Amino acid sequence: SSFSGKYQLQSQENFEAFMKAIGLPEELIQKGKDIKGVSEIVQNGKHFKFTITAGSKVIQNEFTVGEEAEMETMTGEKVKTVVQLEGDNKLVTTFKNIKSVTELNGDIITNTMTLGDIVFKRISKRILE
């Protein structure tokens, strides 16, 4: 129903391979790979505000599902894409050659980002306030 909340990263798979493939500087990969930070989502209907801790960067994006949005990626590049709702608990988007699926299951969020043969997967858990 609602994605809103604060989520702490629990585990992730293939961070280094994915970050190398998108061209992140090696120095930012090494300092960011072991950080387990907190991301915050604010949902108002179809409108989303994301404050994402990804490695050693904080990225803030907003968008409305189904509307074209301009989004900052991990490299700082801005991309124009549309985020779709699949079901009621999955956000799905494509940009460049990446497919991103954000799936909510109770207190667990799983983000899966596929780039060619690399699947970068983040599992986070809702902070219970």
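Throughout, we count residues from 1 along the sequence that is shown.
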Seminar exercise, completed: Mean Cα B-factor check, 117-125 vs 17-25, entry values; winner is 17-25
For this session: Report the stretch with the higher mean CA temperature factor, choosing between 31-39 and 61-69 on the basis of the entry.
Result: 61-69
Exercise. Taking the Cα B-factors listed in the entry, which of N97, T51, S56, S100 comes out highest?
Worked result: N97
For this session: Rank-wise, by C-alpha B-factor, drop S4 into the lowest, middle or highest third of its chain.
Result: middle
